[PDB]
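Novice:
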Amino acid sequence: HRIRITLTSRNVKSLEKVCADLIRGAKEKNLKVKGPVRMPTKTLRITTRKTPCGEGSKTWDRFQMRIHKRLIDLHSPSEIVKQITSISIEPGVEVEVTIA
Amino acid sequence: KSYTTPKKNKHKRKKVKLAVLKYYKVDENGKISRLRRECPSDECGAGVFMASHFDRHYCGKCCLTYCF
Amino acid sequence: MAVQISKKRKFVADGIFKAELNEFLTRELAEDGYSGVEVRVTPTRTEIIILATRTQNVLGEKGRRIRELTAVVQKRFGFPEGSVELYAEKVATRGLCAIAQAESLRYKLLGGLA
Amino acid sequence: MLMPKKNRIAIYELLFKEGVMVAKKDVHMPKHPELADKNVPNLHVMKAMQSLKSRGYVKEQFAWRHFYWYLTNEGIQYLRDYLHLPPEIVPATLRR
Amino acid sequence: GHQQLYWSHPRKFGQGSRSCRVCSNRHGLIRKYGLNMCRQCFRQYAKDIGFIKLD
RNA sequence: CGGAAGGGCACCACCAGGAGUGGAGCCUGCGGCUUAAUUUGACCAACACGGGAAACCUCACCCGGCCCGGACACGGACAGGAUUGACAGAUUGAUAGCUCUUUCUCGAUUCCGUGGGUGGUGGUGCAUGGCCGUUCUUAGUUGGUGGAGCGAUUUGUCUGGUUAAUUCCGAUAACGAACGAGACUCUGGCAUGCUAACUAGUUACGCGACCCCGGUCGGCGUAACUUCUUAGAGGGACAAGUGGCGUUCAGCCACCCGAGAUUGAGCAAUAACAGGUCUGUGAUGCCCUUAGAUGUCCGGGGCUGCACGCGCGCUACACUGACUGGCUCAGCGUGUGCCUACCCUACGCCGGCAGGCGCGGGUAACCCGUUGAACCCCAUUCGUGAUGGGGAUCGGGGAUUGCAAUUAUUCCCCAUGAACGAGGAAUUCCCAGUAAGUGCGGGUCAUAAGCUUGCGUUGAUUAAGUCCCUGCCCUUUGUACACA
Ligand SMILES: [Mg+2]
Ligand SMILES: [Mg+2]
Ligand SMILES: [Mg+2]
Ligand SMILES: [Mg+2]
Ligand SMILES: [Mg+2]
Ligand SMILES: [Mg+2]
Ligand SMILES: [Mg+2]
Ligand SMILES: [Mg+2]
Ligand SMILES: [Mg+2]
Ligand SMILES: [Mg+2]
Ligand SMILES: [Mg+2]
Ligand SMILES: [Mg+2]
Ligand SMILES: [Mg+2]
Ligand SMILES: [Mg+2]
Ligand SMILES: [Mg+2]
Ligand SMILES: [Mg+2]
Ligand SMILES: [Mg+2]
Ligand SMILES: [Zn+2]
Ligand SMILES: [Zn+2]
């Protein structure tokens, strides 16, 4: 009954769209919510020599992947949150909802 | 290029004419025994034949060497 | 997942999935105006959308080649049967896709136009 | 290829049932991945369908590390009259 | 025998055990996060993976 | 292009300087020599570069031995058998039936010739694509129509002022535009106001341990809260305000207010080099090789070889120091993998140590981890002696990883104690949380940082300038230069 939702994406604006939509969905189906907690953004950083060969000035790309993850807690039954998570998700955001 | 030390030749398989004939023996009527010993192999009951080599028995499929 | 893959290599694993999917569809459907893909996932099935120009030919006779390369995608990526589905859609405003125009230029050069 | 004809007709059965077939560019697979039942190496599988494509009954693609083979209509002719199969049966790509 | 000889050498570690995910190439791999592809083809496909040059 | 002039600009330039490098040992790379081979690309913009820390693999080089992975077609020979595999025993390195001899199975898949493909880290980067580097980190570049000239061309794109800027004000045979600069994105710095938090906490409150009402606790639980932590939306700074300087335009200096009154990167035009890459590719033209293979594999060796030369670096030459105790502070990150077999580790025991053996946590704001990191701070001992500086070389032993360490992989223990007394000619990087000192993570990785990429931490001397040397941009001028 303390069912938790985690939202994880490479994108920030789509993720926060989905989280605010789920907050308003929980509000319209009339149940309390501990808010979207924001755990720190994981960076995946890659530095590679830009050159295919060996020569050149020794230059380096700095590639990054930002991953945002947020949490929503709901004291509610199961099919309510199952039908709210069956709708209104962007393709970039991964949703993982666990019961315990 | 050139290489003066001679090469290895390919092992040509020895062409033999109707070597299946030498496994059984023939009488004019129904008296047939087997020249080559049979196998207690698990894959083959009594189908394939062993060999009687230069002195001593061997089967090639199951690869079982029966010795003195 | 029981092997329980981590999120850091999960996002680069499905990124590299979308990369080889795009490059596979590029090497196959370059003759027929393959513009791109969009991969969007639900529970128990996953909608993957090829977005191209000549939808009649990416379907084929009766829809043979779409079923053909759904079988190809499932067999190659180890997807369960009927757990992913390929839909093919038309490019809106075909002229602006630099992929499709580079391929049209490539087939003009291969057909022999100056 | 000195191919077990058992395994070659098995690969033809895979190609016919799952109407097209993929494989890894890896001659040193210990065993082929698509089937868990039989015992056929991916080397045998690769050179078998290269023998298929050289006379033109299957068409090839190669992405990153995986061969892709698509069975043409002349190939479905050759495959059914080779497998001695009557024309009521069709591949799963043709089933709708 | 040749069945016990042909690929008899262990591929459990080193350069030749791993290989490039796109090239069958053994040099300049990046194993971090399990990309397992060479750096040239990585920086080819990097924007399609998601590694965007923020700075 | 000028060792011609006028303007400007840059610590890849200089001045004031700082740390040095060049001198020593060692590591690594390159040249040479040597060798069966000690493969090879590159000689500001090569040389700790090819992410190139190669025991096997990589491996391409060398010595040997296997295999076809020579499709497909044509034509042979063939089930009266085309032809795979084969333990003995010899030979061999190998139990490679590789070859010899004796022979058993396999059953149309295959062999034998001719075309033809295929593979190639084989050649050509001076046939190429892609990508990077460089010209070139400066402010440069181009059409349309109009003007000038026969024309190549020019004007626009400029006398002047101004700026980091072809940035603007402004002049005006040019007008209206495009790219570059800027704008932009990420980062940094500031919000006690917003959003909220058992994967972060604070404050209280109640139990618990201890000290002579109060104090300590990173001891246990809950009632408020989000300042600290996380990250979202907004804000916030604009030369805006003031005083001068300037056509009182563009704008410059200073000062109050202020978290900031120039934080750092990314992106980056036209045109070009015969700069690098065919050794990143299933991107590739052509050539060459194609069963005695330049294909692939296995065994071993080499990529490390030392009269020598050069380059990037680490350790040092000590008392501002070494050694031995003690005390007390980080931020990046990463972590059980498709194939893929190898993860990060608390904790309990054993061992001086490297390490060994068990039960546990963690696919991660949860567990390692409150990351108890070093220089640093404090207290000893040493005493200007190649010395308790320095730790090269080298002998003997003990572990770990591997399938295997010998040409010592890596680490541990004892012993050995060299040069090196602040480095000639020359030369590099740099101006604020910067230089330098210091240690920690990623890549490489089975083992693994003298490298590199990031990160904090202690943290300054000097400078707010110039065209002197090295160069860059604009204008004028000269040219017998145009592969300049
Ligand atoms: Mg300056
Ligand atoms: Mg100086
Ligand atoms: Mg020197
Ligand atoms: Mg020196
Ligand atoms: Mg080797
Ligand atoms: Mg080898
Ligand atoms: Mg090649
Ligand atoms: Mg060139
Ligand atoms: Mg060249
Ligand atoms: Mg020749
Ligand atoms: Mg080397
Ligand atoms: Mg010492
Ligand atoms: Mg090594
Ligand atoms: Mg001494
Ligand atoms: Mg200099
Ligand atoms: Mg290196
Ligand atoms: Mg003159
Ligand atoms: Zn038997
Ligand atoms: Zn690659």
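Note that the protein sequences, when read in sequence, are chains H, W, Z, G and A.
First residue of the first sequence: 1, per our numbering; consecutive thereafter.
First residue of the second sequence: 1, per our numbering; consecutive thereafter.
First residue of the third sequence: 1, per our numbering; consecutive thereafter.
First residue of the fourth sequence: 1, per our numbering; consecutive thereafter.
First residue of the fifth sequence: 1, per our numbering; consecutive thereafter.
All C-beta atoms in this analysis are idealised placements derived from N, C-alpha and C, irrespective of residue type, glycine included.
Taking only heavy atoms of ligand 18 into account, decide whether any of them is closer than 7 angstroms to the Cβ of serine 41 of chain W.
Specialist: The residue you call residue 41 of chain W lines up with position 41 of the second sequence. Correct: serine 41 of chain W has its Cβ closer than 7 angstroms to ligand 18.
Novice: Can you tell me which of H:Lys82, H:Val18 and H:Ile5 puts its alpha carbon nearest to the alpha carbon of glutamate 90 of chain H?
Specialist: By one-based count along the first sequence, residue 90 of chain H stands at place 90. Out of H:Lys82, H:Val18 and H:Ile5, H:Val18 has the C-alpha closest to the C-alpha of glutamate 90 of chain H.
Novice: Using the rule of at least 16 other Cβ atoms within 10 Å of the residue's Cβ for burial, across every protein chain shown, is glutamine 74 of chain Z buried or exposed?
Specialist: For this step, residue 74 of chain Z is matched to residue 74 along the third sequence. Buried, by the Cβ-count rule.
Novice: Could you check whether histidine 66 of chain G and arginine 76 of chain Z sit closer than 8 angstroms to each other, using their CB atoms as the reference points?
Specialist: Walking along the third sequence from the start, residue 76 of chain Z turns up at place 76. Walking along the fourth sequence from the start, residue 66 of chain G turns up at place 66. In contact: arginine 76 of chain Z and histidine 66 of chain G (Cβ atoms closer than 8 angstroms).
Novice: Quick one: using the 10 Å Cβ neighbour count with 16 as the cut-off for buried, is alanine 98 of chain Z buried or exposed?
Specialist: As a working mapping, residue 98 of chain Z is identified with position 98 in the third sequence. Looking at its Cβ environment, which holds fewer than 16 other Cβ atoms inside 10 Å, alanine 98 of chain Z is exposed.
Novice: With burial defined as no fewer than 16 other Cβ atoms inside 10 Å of the residue's Cβ, what is the status of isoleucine 52 of chain A: buried or exposed?
Specialist: Along the fifth sequence, one-based indexing puts residue 52 of chain A at 52. The residue is exposed, with fewer than 16 neighbouring Cβ atoms inside 10 Å.
Novice: My assumption, with CB atoms under 8 angstroms, is that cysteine 59 of chain W sits in contact with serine 41 of chain W. Please give the rounded CB distance.
Specialist: Here residue 59 of chain W refers to the residue found at position 59 when the second sequence is read from its first residue. Here residue 41 of chain W refers to the residue found at position 41 when the second sequence is read from its first residue. That belief holds up - the Cβ atoms of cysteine 59 of chain W and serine 41 of chain W are roughly 7 angstroms apart, short of 8 angstroms.
Novice: Using CA atoms only, rank isn't needed, just tell me which of G:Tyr82, G:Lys53, G:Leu83 and G:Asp26 is closest to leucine 71 of chain G.
Specialist: As a position in the fourth sequence, residue 71 of chain G is number 71, starting the count at 1. That would be G:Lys53, whose Cα lies nearest to the Cα of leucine 71 of chain G.
Novice: Per DSSP, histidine 66 of chain G forms a beta bridge with which residues?
Specialist: Position 66 of the fourth sequence, counted from the start, is the residue given in the question as residue 66 of chain G. DSSP output for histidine 66 of chain G lists G:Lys24 as bridge partner(s).
Novice: Comparing the CB of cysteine 59 of chain W with every heavy atom of ligand 18, is any distance shorter than 7 angstroms?
Specialist: Numbered from its first residue, the second sequence carries residue 59 of chain W at position 59. Yes, Cβ of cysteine 59 of chain W sits closer than 7 angstroms to a heavy atom of ligand 18.
Novice: Thinking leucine 44 of chain H and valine 93 of chain H are a contact (beta carbons under 8 angstroms), I'd like their distance in whole angstroms, please.
Specialist: Position 44 of the first sequence, counted from the first residue, corresponds to residue 44 of chain H. Position 93 of the first sequence, counted from the first residue, corresponds to residue 93 of chain H. With 8 angstroms as the limit, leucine 44 of chain H and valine 93 of chain H do not qualify as a contact, their Cβ atoms being about 17 angstroms apart.
Novice: Mapping the DSSP letters down to three states, classify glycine 15 of chain Z as helix, strand or coil.
Specialist: Indexing the third sequence from 1 puts residue 15 of chain Z at position 15. Reduced to three states, the DSSP call for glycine 15 of chain Z is helix.
Novice: For the stretch 24–61 of chain Z, which segments carrying the alpha helix (DSSP H) assignment without a break, of at least 4 residues, lie completely within its bounds, in sequence order?
Specialist: Segments of the alpha helix (DSSP H) lying fully in the stretch 24–61 of chain Z: 55–59.
Novice: How about the stretch 57–74 of chain H and the stretch 35–43 of chain H: do they share at least three Cβ pairs that are nearer than 8 angstroms?
Specialist: Contact holds: three or more Cβ-Cβ distances are below 8 angstroms.
Novice: Based on the DSSP output, what are the partners of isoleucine 5 of chain H in its beta bridges?
Specialist: Locating residue 5 of chain H in the first sequence gives position 5, counting from the first residue. DSSP lists H:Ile72 and H:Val97 as partners of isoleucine 5 of chain H.
Novice: Using the Cα positions of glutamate 31 of chain Z and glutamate 103 of chain Z, report the straight-line distance between them to the nearest angstrom.
Specialist: Taking the first residue of the third sequence as position 1, residue 31 of chain Z is located at position 31. Taking the first residue of the third sequence as position 1, residue 103 of chain Z is located at position 103. Looking at the two C-alpha atoms, the distance is approximately 7 angstroms.
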